[PDB]
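Below you'll find the structure, written out as structure tokens, and then a few comments.
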Amino acid sequence: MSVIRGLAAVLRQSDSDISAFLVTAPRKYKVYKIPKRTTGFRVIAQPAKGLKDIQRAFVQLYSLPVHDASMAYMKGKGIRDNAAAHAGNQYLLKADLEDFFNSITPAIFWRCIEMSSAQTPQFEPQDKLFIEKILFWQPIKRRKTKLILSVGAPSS
DNA sequence: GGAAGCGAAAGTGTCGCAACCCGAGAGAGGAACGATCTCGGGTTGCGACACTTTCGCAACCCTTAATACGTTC
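In terms of our numbering, the first sequence opens at residue 2 and continues consecutively.
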């Protein structure tokens with residue numbers, strides 16, 4: 002059963018319960034606005050508690066490769082290390098990506114899985130739909146194809 | 001992604017003005033018939049402008065969030 006079997010073994014729940022939960026999982030999100038520091042608002046989609054636990058279990062079960070140049074969302078590394086990497090230099094080229102989190106789609110995720118140069122955990126073709134439902138958020142109720150990563154989630 | 005309003009941008013029709021044409025008419029001259037200038041419609045071309053269509057800004061935040069204190073995405 003692969004992914005669902007491991008999720009059941011971690012959450013101490015039946016396969017049927019998790020499978021029934023992972024039907025509208027891309028839709029079980031609570032969206033809200035936080036105030037910007039100067040003016041305006043920022044919209045965040047946060048999943049429900051059960052989906053949050055499912056995402057945490059999925060993240061801890063499968064270890065995707067990460068690079069040493071990345072400094073966000075890893076243990077023992079953070080703002081201080083990122084700043085100290087360029088501390089001794091003379092010139093910098095800070096640059097940003099346009100709408101980073103909402104531009105990531107399941108197509109991108111599956112393209113990156115297959116061609117990754119490092120070790121990648123093996124996902125059976127039967128559970129790819131469950132992977133997409135677990136990891137990705139679905140804005141717009143009518144559109145079931147639009148699946149994007151949500152900035153702010155245990156798995157994003 | 002995109003309510004509801006609204007306005008930008010671009011394309012298309014329209015409608016009034018000018019410019020000209022053409023027939024009617026009173027009657028200059030000088031001895032009659034009708035030159036010549038004007039009146040009244042009528043047609044066409046043209047360009048400014050009104051009207052028409054499409055696009056795009058960005059409400060809300062969906063059932064579904066957490067709430068020691070601070071930076072960062």
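Think of the CB as a built atom: it goes at the ideal place given N, C-alpha and C, for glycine as much as any other residue.
Segment contact, 8 Å Cβ cut-off, at least three pairs: the stretch 57-75 with the stretch 17-34: Contact between the stretch 57-75 and the stretch 17-34 is absent: fewer than 3 CB-CB pairs across the two stretches fall below 8 Å.
Helix, strand or coil at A88 [DSSP, three-state]: Position 87 of the first sequence holds residue 88. For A88, the three-state secondary structure derived from DSSP is coil.
Per-residue burial, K29 [other beta carbons within 10 Å of its own, 16 or more giving buried]: Position 28 of the first sequence, counting from 1, holds the residue named residue 29. Around the beta carbon of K29, 16 or more other beta carbons lie within 10 angstroms, which makes this residue buried.
Cross-strand partners of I132 (DSSP beta bridge): Here residue 132 refers to the residue found at position 131 when the first sequence is read from its first residue. Paired residues: none, contrary to the question.
Beta-carbon spacing of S3, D100 below 8 Å: On the first sequence, position 2 is the one that residue 3 refers to. On the first sequence, position 99 is the one that residue 100 refers to. Result no, Cβ atoms of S3 and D100 do not sit closer than 8 Å.
Opposing strand residues paired with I5 [DSSP bridges]: Position 4 of the first sequence holds residue 5. None, per the DSSP bridge assignment.
Best match in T121, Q139, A96, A9 for proximity to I55 [C-alpha to C-alpha]: Translated into the one-based positions of the first sequence, residue 55 becomes position 54. If we check each option's Cα against that of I55, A9 comes out closest.
Helix, strand or coil at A21 [DSSP, three-state]: For the purposes of this step, residue 21 is taken as the residue at position 20 of the first sequence. Helix.
Residue environment, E125, which counts as buried when at least 16 other CB atoms sit within 10 Å: On the first sequence, position 124 is the one that residue 125 refers to. Counting Cβ neighbours within 10 Å, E125 comes out exposed, since fewer than 16 surround it.
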